[PDB]
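coords-v8.txt follows; it contains compact mmCIF, N, CA and C atoms.
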# COMPACT_ATOMS: atom_id res chain seq x y z
N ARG K 1 13.62 -13.44 -10.47
CA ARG K 1 13.49 -13.38 -11.92
C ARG K 1 12.60 -12.21 -12.31
N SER K 2 11.36 -12.23 -11.85
CA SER K 2 10.42 -11.18 -12.12
C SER K 2 10.53 -10.09 -11.05
N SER K 3 10.28 -8.85 -11.44
CA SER K 3 10.47 -7.73 -10.55
C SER K 3 9.15 -6.98 -10.32
N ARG K 4 8.53 -6.50 -11.39
CA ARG K 4 7.29 -5.75 -11.25
C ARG K 4 6.10 -6.67 -11.00
N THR K 5 5.90 -6.99 -9.75
CA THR K 5 4.77 -7.72 -9.30
C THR K 5 4.55 -7.43 -7.83
N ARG K 6 3.45 -6.78 -7.56
CA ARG K 6 3.10 -6.40 -6.22
C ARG K 6 2.64 -7.59 -5.38
N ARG K 7 3.29 -7.77 -4.23
CA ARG K 7 3.10 -8.96 -3.40
C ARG K 7 1.99 -8.79 -2.40
N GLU K 8 1.26 -9.86 -2.19
CA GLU K 8 0.17 -9.90 -1.25
C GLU K 8 0.73 -10.02 0.15
N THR K 9 0.58 -9.00 0.90
CA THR K 9 1.00 -8.96 2.25
C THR K 9 -0.27 -8.79 3.09
N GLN K 10 -0.88 -9.89 3.46
CA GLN K 10 -2.08 -9.83 4.27
C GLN K 10 -1.73 -9.53 5.72
N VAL K 11 -2.14 -8.39 6.19
CA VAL K 11 -1.77 -7.96 7.50
C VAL K 11 -2.99 -7.81 8.36
N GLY P 1 7.61 13.43 -23.01
CA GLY P 1 6.27 13.50 -23.61
C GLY P 1 5.49 12.23 -23.36
N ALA P 2 4.17 12.31 -23.53
CA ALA P 2 3.24 11.20 -23.38
C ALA P 2 3.36 10.53 -22.02
N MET P 3 3.26 11.31 -20.98
CA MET P 3 3.38 10.78 -19.65
C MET P 3 2.01 10.27 -19.23
N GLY P 4 1.74 9.04 -19.58
CA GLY P 4 0.52 8.39 -19.20
C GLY P 4 0.80 7.18 -18.35
N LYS P 5 1.90 7.24 -17.64
CA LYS P 5 2.39 6.13 -16.83
C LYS P 5 2.40 6.55 -15.38
N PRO P 6 2.31 5.60 -14.44
CA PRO P 6 2.36 5.92 -13.03
C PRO P 6 3.71 6.44 -12.62
N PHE P 7 3.66 7.63 -12.14
CA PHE P 7 4.79 8.38 -11.68
C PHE P 7 5.34 7.78 -10.42
N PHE P 8 6.61 7.84 -10.31
CA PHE P 8 7.30 7.27 -9.21
C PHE P 8 8.52 8.07 -8.80
N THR P 9 8.69 8.15 -7.52
CA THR P 9 9.92 8.52 -6.91
C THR P 9 9.99 8.00 -5.51
N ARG P 10 8.97 8.30 -4.73
CA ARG P 10 8.83 7.91 -3.27
C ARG P 10 7.92 8.91 -2.63
N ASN P 11 7.87 10.02 -3.28
CA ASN P 11 7.16 11.20 -2.86
C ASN P 11 5.66 10.93 -2.60
N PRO P 12 5.21 11.02 -1.33
CA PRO P 12 3.80 10.84 -1.01
C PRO P 12 3.00 11.91 -1.64
N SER P 13 3.66 13.00 -1.82
CA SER P 13 3.04 14.12 -2.28
C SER P 13 2.97 14.11 -3.84
N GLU P 14 3.77 13.23 -4.52
CA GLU P 14 3.65 13.10 -5.98
C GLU P 14 2.35 12.39 -6.22
N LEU P 15 2.09 11.46 -5.30
CA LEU P 15 0.89 10.70 -5.27
C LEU P 15 -0.30 11.62 -5.12
N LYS P 16 -1.29 11.33 -5.88
CA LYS P 16 -2.46 12.17 -6.01
C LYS P 16 -3.62 11.68 -5.16
N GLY P 17 -4.71 12.43 -5.19
CA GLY P 17 -5.89 12.08 -4.49
C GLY P 17 -5.96 12.72 -3.14
N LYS P 18 -5.62 11.98 -2.16
CA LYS P 18 -5.64 12.42 -0.80
C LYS P 18 -4.50 11.77 -0.05
N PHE P 19 -3.75 12.57 0.59
CA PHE P 19 -2.64 12.17 1.37
C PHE P 19 -3.07 12.32 2.79
N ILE P 20 -3.15 11.23 3.47
CA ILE P 20 -3.63 11.20 4.80
C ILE P 20 -2.64 10.53 5.71
N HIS P 21 -2.68 10.92 6.94
CA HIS P 21 -1.86 10.35 7.95
C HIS P 21 -2.78 9.92 9.07
N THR P 22 -3.08 8.66 9.10
CA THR P 22 -4.08 8.13 10.00
C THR P 22 -3.49 7.01 10.87
N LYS P 23 -3.89 6.97 12.11
CA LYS P 23 -3.40 5.99 13.05
C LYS P 23 -4.24 4.71 12.97
N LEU P 24 -3.57 3.59 12.88
CA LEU P 24 -4.21 2.30 12.92
C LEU P 24 -3.75 1.62 14.13
N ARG P 25 -4.67 1.25 14.93
CA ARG P 25 -4.35 0.58 16.11
C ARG P 25 -4.23 -0.90 15.82
N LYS P 26 -3.02 -1.44 15.98
CA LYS P 26 -2.77 -2.86 15.96
C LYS P 26 -3.79 -3.56 16.77
N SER P 27 -4.74 -4.14 16.09
CA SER P 27 -5.87 -4.75 16.71
C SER P 27 -5.94 -6.20 16.29
N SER P 28 -6.21 -7.07 17.26
CA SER P 28 -6.29 -8.52 17.06
C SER P 28 -5.02 -9.12 16.42
N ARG P 29 -3.87 -8.46 16.67
CA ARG P 29 -2.56 -8.85 16.24
C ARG P 29 -2.41 -8.50 14.77
N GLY P 30 -1.70 -7.43 14.54
CA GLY P 30 -1.53 -6.95 13.22
C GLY P 30 -2.55 -5.92 12.90
N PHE P 31 -3.09 -6.01 11.74
CA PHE P 31 -3.98 -5.02 11.26
C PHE P 31 -5.31 -5.59 10.84
N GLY P 32 -5.38 -6.10 9.67
CA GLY P 32 -6.63 -6.45 9.10
C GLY P 32 -6.87 -5.67 7.83
N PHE P 33 -5.95 -5.79 6.92
CA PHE P 33 -6.07 -5.24 5.59
C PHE P 33 -5.09 -5.95 4.71
N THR P 34 -5.44 -6.18 3.51
CA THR P 34 -4.55 -6.83 2.64
C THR P 34 -4.03 -5.86 1.66
N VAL P 35 -2.78 -5.94 1.48
CA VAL P 35 -2.09 -4.98 0.77
C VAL P 35 -1.11 -5.61 -0.20
N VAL P 36 -1.07 -5.09 -1.39
CA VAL P 36 -0.26 -5.59 -2.42
C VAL P 36 0.77 -4.60 -2.82
N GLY P 37 1.96 -5.06 -2.91
CA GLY P 37 3.04 -4.24 -3.30
C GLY P 37 4.20 -4.51 -2.46
N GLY P 38 4.94 -3.46 -2.20
CA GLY P 38 6.11 -3.45 -1.36
C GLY P 38 7.03 -4.54 -1.69
N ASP P 39 7.62 -4.41 -2.79
CA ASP P 39 8.49 -5.42 -3.23
C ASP P 39 9.87 -4.90 -3.35
N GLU P 40 9.96 -3.63 -3.62
CA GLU P 40 11.23 -3.03 -3.90
C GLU P 40 11.14 -1.59 -3.69
N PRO P 41 12.23 -0.84 -3.78
CA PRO P 41 12.21 0.61 -3.58
C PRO P 41 11.31 1.25 -4.61
N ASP P 42 11.22 0.54 -5.70
CA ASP P 42 10.47 0.87 -6.86
C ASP P 42 8.98 0.48 -6.74
N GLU P 43 8.66 -0.46 -5.86
CA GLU P 43 7.29 -0.88 -5.69
C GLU P 43 6.85 -0.70 -4.24
N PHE P 44 5.81 0.14 -4.09
CA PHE P 44 5.18 0.58 -2.81
C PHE P 44 4.03 -0.34 -2.51
N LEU P 45 3.53 -0.31 -1.29
CA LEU P 45 2.44 -1.20 -0.94
C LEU P 45 1.13 -0.50 -1.17
N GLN P 46 0.11 -1.21 -1.56
CA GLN P 46 -1.18 -0.61 -1.82
C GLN P 46 -2.30 -1.48 -1.25
N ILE P 47 -3.33 -0.88 -0.76
CA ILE P 47 -4.42 -1.65 -0.13
C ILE P 47 -5.33 -2.23 -1.20
N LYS P 48 -5.45 -3.55 -1.25
CA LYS P 48 -6.29 -4.16 -2.27
C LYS P 48 -7.61 -4.62 -1.71
N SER P 49 -7.67 -4.80 -0.41
CA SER P 49 -8.91 -5.11 0.28
C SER P 49 -8.73 -4.79 1.74
N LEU P 50 -9.61 -4.03 2.32
CA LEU P 50 -9.54 -3.86 3.70
C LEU P 50 -10.32 -4.95 4.38
N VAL P 51 -9.68 -5.58 5.30
CA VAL P 51 -10.26 -6.68 5.98
C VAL P 51 -11.19 -6.14 7.05
N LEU P 52 -12.40 -6.61 7.03
CA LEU P 52 -13.39 -6.22 8.01
C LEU P 52 -12.94 -6.70 9.36
N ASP P 53 -13.04 -5.79 10.35
CA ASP P 53 -12.50 -5.96 11.72
C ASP P 53 -11.02 -5.55 11.75
N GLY P 54 -10.61 -4.94 10.67
CA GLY P 54 -9.30 -4.36 10.55
C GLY P 54 -9.34 -2.94 10.97
N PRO P 55 -8.24 -2.32 11.41
CA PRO P 55 -8.32 -1.02 11.99
C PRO P 55 -8.62 0.03 10.93
N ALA P 56 -8.24 -0.28 9.69
CA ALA P 56 -8.57 0.54 8.54
C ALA P 56 -10.09 0.57 8.36
N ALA P 57 -10.69 -0.62 8.44
CA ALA P 57 -12.13 -0.82 8.27
C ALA P 57 -12.88 -0.07 9.32
N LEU P 58 -12.40 -0.24 10.49
CA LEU P 58 -12.96 0.26 11.67
C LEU P 58 -12.82 1.75 11.85
N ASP P 59 -11.62 2.25 11.59
CA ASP P 59 -11.32 3.68 11.71
C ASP P 59 -12.06 4.41 10.62
N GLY P 60 -12.34 3.67 9.56
CA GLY P 60 -13.13 4.16 8.43
C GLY P 60 -12.52 5.29 7.64
N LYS P 61 -11.33 5.67 7.98
CA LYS P 61 -10.68 6.79 7.35
C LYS P 61 -9.51 6.29 6.49
N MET P 62 -9.58 5.04 6.19
CA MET P 62 -8.65 4.34 5.35
C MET P 62 -9.46 3.30 4.63
N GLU P 63 -9.28 3.20 3.35
CA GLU P 63 -10.09 2.36 2.50
C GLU P 63 -9.21 1.69 1.47
N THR P 64 -9.73 0.65 0.88
CA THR P 64 -9.10 -0.03 -0.19
C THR P 64 -8.84 0.97 -1.33
N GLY P 65 -7.59 1.15 -1.66
CA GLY P 65 -7.22 2.16 -2.62
C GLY P 65 -6.12 3.05 -2.08
N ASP P 66 -5.93 3.04 -0.75
CA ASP P 66 -4.81 3.77 -0.14
C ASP P 66 -3.52 3.12 -0.53
N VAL P 67 -2.55 3.89 -0.87
CA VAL P 67 -1.27 3.34 -1.13
C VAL P 67 -0.40 3.60 0.11
N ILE P 68 0.23 2.58 0.58
CA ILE P 68 1.05 2.63 1.74
C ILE P 68 2.43 3.17 1.38
N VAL P 69 2.66 4.38 1.88
CA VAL P 69 3.86 5.17 1.71
C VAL P 69 4.81 4.86 2.88
N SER P 70 4.38 5.08 4.10
CA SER P 70 5.22 4.81 5.26
C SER P 70 4.37 4.61 6.52
N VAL P 71 4.99 4.17 7.60
CA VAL P 71 4.27 3.88 8.82
C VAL P 71 5.14 4.05 10.05
N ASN P 72 4.69 4.95 10.93
CA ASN P 72 5.27 5.19 12.26
C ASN P 72 6.77 5.38 12.18
N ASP P 73 7.13 6.38 11.41
CA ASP P 73 8.54 6.82 11.15
C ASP P 73 9.30 5.88 10.21
N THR P 74 8.95 4.61 10.24
CA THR P 74 9.59 3.59 9.44
C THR P 74 9.34 3.81 7.94
N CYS P 75 10.42 3.84 7.20
CA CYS P 75 10.39 4.08 5.78
C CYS P 75 9.99 2.80 5.05
N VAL P 76 8.71 2.53 5.06
CA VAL P 76 8.14 1.39 4.38
C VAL P 76 7.89 1.74 2.90
N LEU P 77 8.34 2.93 2.54
CA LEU P 77 8.29 3.42 1.20
C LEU P 77 9.21 2.56 0.39
N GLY P 78 8.63 1.76 -0.46
CA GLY P 78 9.37 0.81 -1.21
C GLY P 78 10.12 -0.17 -0.31
N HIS P 79 9.44 -0.66 0.69
CA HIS P 79 10.00 -1.64 1.59
C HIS P 79 9.91 -2.97 0.88
N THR P 80 10.84 -3.83 1.13
CA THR P 80 10.84 -5.13 0.52
C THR P 80 9.76 -5.99 1.20
N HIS P 81 9.06 -6.87 0.47
CA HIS P 81 7.96 -7.69 1.04
C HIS P 81 8.37 -8.37 2.31
N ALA P 82 9.51 -9.00 2.27
CA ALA P 82 10.02 -9.76 3.41
C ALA P 82 10.21 -8.86 4.62
N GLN P 83 10.55 -7.63 4.36
CA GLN P 83 10.82 -6.68 5.40
C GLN P 83 9.52 -6.11 5.96
N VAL P 84 8.65 -5.69 5.07
CA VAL P 84 7.38 -5.11 5.46
C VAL P 84 6.51 -6.14 6.19
N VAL P 85 6.48 -7.37 5.67
CA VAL P 85 5.70 -8.44 6.28
C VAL P 85 6.26 -8.76 7.66
N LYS P 86 7.57 -8.69 7.79
CA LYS P 86 8.23 -8.92 9.05
C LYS P 86 7.71 -7.95 10.15
N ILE P 87 7.54 -6.68 9.80
CA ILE P 87 7.10 -5.69 10.79
C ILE P 87 5.63 -5.92 11.12
N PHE P 88 4.88 -6.00 10.07
CA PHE P 88 3.46 -6.09 10.09
C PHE P 88 2.94 -7.41 10.70
N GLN P 89 3.70 -8.45 10.57
CA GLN P 89 3.37 -9.72 11.15
C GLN P 89 3.86 -9.86 12.61
N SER P 90 4.90 -9.13 12.99
CA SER P 90 5.44 -9.30 14.34
C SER P 90 4.72 -8.46 15.42
N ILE P 91 4.06 -7.38 15.01
CA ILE P 91 3.33 -6.50 15.93
C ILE P 91 2.33 -7.21 16.86
N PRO P 92 2.11 -6.62 18.03
CA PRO P 92 1.23 -7.13 19.08
C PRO P 92 -0.12 -6.39 19.12
N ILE P 93 -1.08 -7.03 19.72
CA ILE P 93 -2.40 -6.47 19.92
C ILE P 93 -2.34 -5.30 20.92
N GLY P 94 -2.94 -4.19 20.56
CA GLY P 94 -2.99 -3.07 21.45
C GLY P 94 -2.01 -1.98 21.10
N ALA P 95 -1.40 -2.06 19.92
CA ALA P 95 -0.35 -1.08 19.60
C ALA P 95 -0.86 -0.01 18.63
N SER P 96 -0.04 0.96 18.31
CA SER P 96 -0.45 2.08 17.47
C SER P 96 0.60 2.37 16.43
N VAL P 97 0.15 2.84 15.28
CA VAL P 97 1.00 3.32 14.20
C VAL P 97 0.33 4.40 13.43
N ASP P 98 1.14 5.25 12.92
CA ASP P 98 0.75 6.35 12.11
C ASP P 98 1.00 5.97 10.67
N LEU P 99 -0.04 5.80 9.93
CA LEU P 99 0.06 5.44 8.53
C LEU P 99 0.09 6.66 7.68
N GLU P 100 1.10 6.74 6.88
CA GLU P 100 1.25 7.78 5.92
C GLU P 100 0.91 7.15 4.60
N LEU P 101 -0.23 7.46 4.09
CA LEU P 101 -0.73 6.79 2.93
C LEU P 101 -1.44 7.75 2.01
N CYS P 102 -1.54 7.39 0.75
CA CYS P 102 -2.12 8.26 -0.22
C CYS P 102 -3.13 7.49 -1.05
N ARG P 103 -4.34 7.94 -1.01
CA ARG P 103 -5.46 7.30 -1.62
C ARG P 103 -6.02 8.17 -2.72
N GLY P 104 -6.73 7.57 -3.64
CA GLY P 104 -7.25 8.30 -4.77
C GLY P 104 -7.19 7.45 -5.98
N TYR P 105 -6.42 6.40 -5.86
CA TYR P 105 -6.24 5.41 -6.88
C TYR P 105 -7.27 4.32 -6.67
N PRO P 106 -8.22 4.18 -7.58
CA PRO P 106 -9.23 3.16 -7.46
C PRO P 106 -8.66 1.80 -7.83
N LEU P 107 -9.10 0.78 -7.12
CA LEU P 107 -8.65 -0.58 -7.35
C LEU P 107 -9.31 -1.07 -8.66
N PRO P 108 -8.52 -1.25 -9.75
CA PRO P 108 -9.05 -1.64 -11.04
C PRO P 108 -9.00 -3.16 -11.29
N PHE P 109 -7.83 -3.66 -11.66
CA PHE P 109 -7.62 -5.06 -11.93
C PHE P 109 -7.31 -5.74 -10.62
N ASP P 110 -7.67 -7.01 -10.50
CA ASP P 110 -7.55 -7.69 -9.24
C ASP P 110 -6.13 -8.07 -9.04
N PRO P 111 -5.53 -7.70 -7.93
CA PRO P 111 -4.18 -8.06 -7.62
C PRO P 111 -4.25 -9.26 -6.69
N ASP P 112 -5.45 -9.80 -6.64
CA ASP P 112 -5.78 -10.92 -5.84
C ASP P 112 -5.59 -12.18 -6.67
N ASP P 113 -5.55 -11.97 -7.99
CA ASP P 113 -5.45 -13.04 -8.97
C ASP P 113 -4.01 -13.20 -9.44
N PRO P 114 -3.32 -14.28 -9.03
CA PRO P 114 -1.94 -14.58 -9.47
C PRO P 114 -1.83 -15.02 -10.93
N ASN P 115 -0.71 -15.70 -11.19
CA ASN P 115 -0.35 -16.29 -12.46
C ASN P 115 0.12 -15.28 -13.46
N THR P 116 0.64 -14.22 -12.95
CA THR P 116 1.10 -13.11 -13.73
C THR P 116 1.93 -12.24 -12.78
N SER P 117 2.86 -11.46 -13.31
CA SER P 117 3.52 -10.47 -12.54
C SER P 117 2.50 -9.34 -12.40
N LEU P 118 2.04 -9.09 -11.21
CA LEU P 118 0.88 -8.28 -11.01
C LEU P 118 1.20 -6.83 -11.10
N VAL P 119 0.83 -6.26 -12.21
CA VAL P 119 0.87 -4.87 -12.39
C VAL P 119 -0.52 -4.43 -12.79
N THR P 120 -1.26 -3.95 -11.85
CA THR P 120 -2.59 -3.49 -12.12
C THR P 120 -2.48 -2.13 -12.83
N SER P 121 -3.33 -1.89 -13.78
CA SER P 121 -3.32 -0.65 -14.50
C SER P 121 -4.43 0.23 -13.98
N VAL P 122 -4.05 1.30 -13.39
CA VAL P 122 -4.95 2.14 -12.68
C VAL P 122 -5.49 3.25 -13.56
N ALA P 123 -6.75 3.51 -13.38
CA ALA P 123 -7.41 4.60 -14.01
C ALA P 123 -7.29 5.79 -13.07
N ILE P 124 -7.58 6.97 -13.57
CA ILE P 124 -7.43 8.22 -12.84
C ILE P 124 -5.91 8.55 -12.78
N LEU P 125 -5.24 7.97 -13.70
CA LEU P 125 -3.87 8.17 -13.92
C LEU P 125 -3.75 9.28 -14.96
N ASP P 126 -2.70 10.06 -14.88
CA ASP P 126 -2.51 11.17 -15.78
C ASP P 126 -2.11 10.67 -17.12
N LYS P 127 -2.90 11.02 -18.07
CA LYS P 127 -2.69 10.67 -19.46
C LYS P 127 -2.21 11.94 -20.18
N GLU P 128 -1.12 12.50 -19.72
CA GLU P 128 -0.67 13.80 -20.23
C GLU P 128 0.11 13.66 -21.54
N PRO P 129 0.01 14.66 -22.43
CA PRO P 129 0.71 14.66 -23.70
C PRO P 129 2.19 15.07 -23.54
Can you turn what I pasted into structure tokens?
Amino acid sequence: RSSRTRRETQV
Amino acid sequence: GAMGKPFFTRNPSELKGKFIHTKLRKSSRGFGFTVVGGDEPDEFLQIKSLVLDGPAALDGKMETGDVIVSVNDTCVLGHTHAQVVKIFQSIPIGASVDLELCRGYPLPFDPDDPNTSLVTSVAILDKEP
């Protein structure tokens, strides 16, 4: 649904 | 006119500040930095906190504020979360990667805080007429 949202990728 | 918005294409070099290519040694399985982004070709990954004991932390030549452009030939430039996390989570202890990243963008709004589609608004952005 939503597109512009930076995802938390804890590496 | 009025280009006061974050520029995009994929170009590491469009990205301002400092463009660095630094090796992070896969240490303690994975890395040790938290990064926000990489959702789409349109959304790149960015470091929101470097995890202490992380190779970024340790190498000291990568800091919270680096935007992740690509890594070890792999076009993580606008890599999808599921895809980027897949690489970054599957790596073993003792490995190496060349991070192509561009820093200069200070971490403004917390991308650590959900309940919103996270679009942090960065300062040091070109507010051109």
Worksheet item: Hey, what's within 7 Å of stretch 60-74 of chain P if we count all atoms listed in the file and toss same-chain stuff fewer than 5 positions away? As a PyMOL selection string, please?
Response: chain P and resi 12+22+44-50+55+96-107
Item to complete: Could you please tell me, as number ranges by chain, which residues of chain P have an atom within 8 Å of chain K when using only N, CA and C atoms?
Response: P: 29-40, 42-46, 51, 54, 81, 84-85, 88-89, 111-112, 116-120
Worksheet entry | Point-to-point distance in Å for atom N of residue P:78 and atom C of residue P:114 |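 Taking atom C of residue P:114 and atom N of residue P:78, their separation equals 22.4 Å.
The coordinates place atom C of residue P:26 at 6.8 Å from atom N of residue P:92.
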Worksheet item: Can you tell me, as a ChimeraX atom specification, what residues are no more than 8 Å from residue P:3 when counting only N, CA and C atoms, ignoring any on the same chain fewer than 5 positions away?
Response: /P:125-129
Expected file: the selected residues, N, CA and C atoms, as a tab-separated table (two decimals), keeping the file's coordinate frame:
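Wrote it out as selection_9.tsv, contents follow:
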chain	number	residue	atom	x	y	z
P	125	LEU	N	-5.24	7.97	-13.70
P	125	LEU	CA	-3.87	8.17	-13.92
P	125	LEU	C	-3.75	9.28	-14.96
P	126	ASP	N	-2.70	10.06	-14.88
P	126	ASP	CA	-2.51	11.17	-15.78
P	126	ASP	C	-2.11	10.67	-17.12
P	127	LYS	N	-2.90	11.02	-18.07
P	127	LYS	CA	-2.69	10.67	-19.46
P	127	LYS	C	-2.21	11.94	-20.18
P	128	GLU	N	-1.12	12.50	-19.72
P	128	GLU	CA	-0.67	13.80	-20.23
P	128	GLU	C	0.11	13.66	-21.54
P	129	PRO	N	0.01	14.66	-22.43
P	129	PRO	CA	0.71	14.66	-23.70
P	129	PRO	C	2.19	15.07	-23.54
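Between atom CA of residue P:87 and atom C of residue P:27 lies a distance of 14.2 Å.
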Practice prompt. From a DSSP pass on the backbone, collect the residues of chain P flagged as helix (DSSP H, G or I) and hand them back as a VMD selection string.
Written response: chain P and resid 55 to 59 81 to 90
Can you write just those residues out, N, CA and C atoms, as an mmCIF file, in the frame of the given file?
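Saved as out.cif:
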data_model
loop_
_atom_site.group_PDB
_atom_site.id
_atom_site.type_symbol
_atom_site.label_atom_id
_atom_site.label_comp_id
_atom_site.auth_asym_id
_atom_site.auth_seq_id
_atom_site.Cartn_x
_atom_site.Cartn_y
_atom_site.Cartn_z
ATOM 1 N N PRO P 55 -8.240 -2.320 11.410
ATOM 2 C CA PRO P 55 -8.320 -1.020 11.990
ATOM 3 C C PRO P 55 -8.620 0.030 10.930
ATOM 4 N N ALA P 56 -8.240 -0.280 9.690
ATOM 5 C CA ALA P 56 -8.570 0.540 8.540
ATOM 6 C C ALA P 56 -10.090 0.570 8.360
ATOM 7 N N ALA P 57 -10.690 -0.620 8.440
ATOM 8 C CA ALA P 57 -12.130 -0.820 8.270
ATOM 9 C C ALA P 57 -12.880 -0.070 9.320
ATOM 10 N N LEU P 58 -12.400 -0.240 10.490
ATOM 11 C CA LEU P 58 -12.960 0.260 11.670
ATOM 12 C C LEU P 58 -12.820 1.750 11.850
ATOM 13 N N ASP P 59 -11.620 2.250 11.590
ATOM 14 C CA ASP P 59 -11.320 3.680 11.710
ATOM 15 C C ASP P 59 -12.060 4.410 10.620
ATOM 16 N N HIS P 81 9.060 -6.870 0.470
ATOM 17 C CA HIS P 81 7.960 -7.690 1.040
ATOM 18 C C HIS P 81 8.370 -8.370 2.310
ATOM 19 N N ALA P 82 9.510 -9.000 2.270
ATOM 20 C CA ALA P 82 10.020 -9.760 3.410
ATOM 21 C C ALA P 82 10.210 -8.860 4.620
ATOM 22 N N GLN P 83 10.550 -7.630 4.360
ATOM 23 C CA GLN P 83 10.820 -6.680 5.400
ATOM 24 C C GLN P 83 9.520 -6.110 5.960
ATOM 25 N N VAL P 84 8.650 -5.690 5.070
ATOM 26 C CA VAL P 84 7.380 -5.110 5.460
ATOM 27 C C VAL P 84 6.510 -6.140 6.190
ATOM 28 N N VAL P 85 6.480 -7.370 5.670
ATOM 29 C CA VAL P 85 5.700 -8.440 6.280
ATOM 30 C C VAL P 85 6.260 -8.760 7.660
ATOM 31 N N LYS P 86 7.570 -8.690 7.790
ATOM 32 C CA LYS P 86 8.230 -8.920 9.050
ATOM 33 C C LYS P 86 7.710 -7.950 10.150
ATOM 34 N N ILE P 87 7.540 -6.680 9.800
ATOM 35 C CA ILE P 87 7.100 -5.690 10.790
ATOM 36 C C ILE P 87 5.630 -5.920 11.120
ATOM 37 N N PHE P 88 4.880 -6.000 10.070
ATOM 38 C CA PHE P 88 3.460 -6.090 10.090
ATOM 39 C C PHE P 88 2.940 -7.410 10.700
ATOM 40 N N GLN P 89 3.700 -8.450 10.570
ATOM 41 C CA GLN P 89 3.370 -9.720 11.150
ATOM 42 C C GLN P 89 3.860 -9.860 12.610
ATOM 43 N N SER P 90 4.900 -9.130 12.990
ATOM 44 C CA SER P 90 5.440 -9.300 14.340
ATOM 45 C C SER P 90 4.720 -8.460 15.420
#
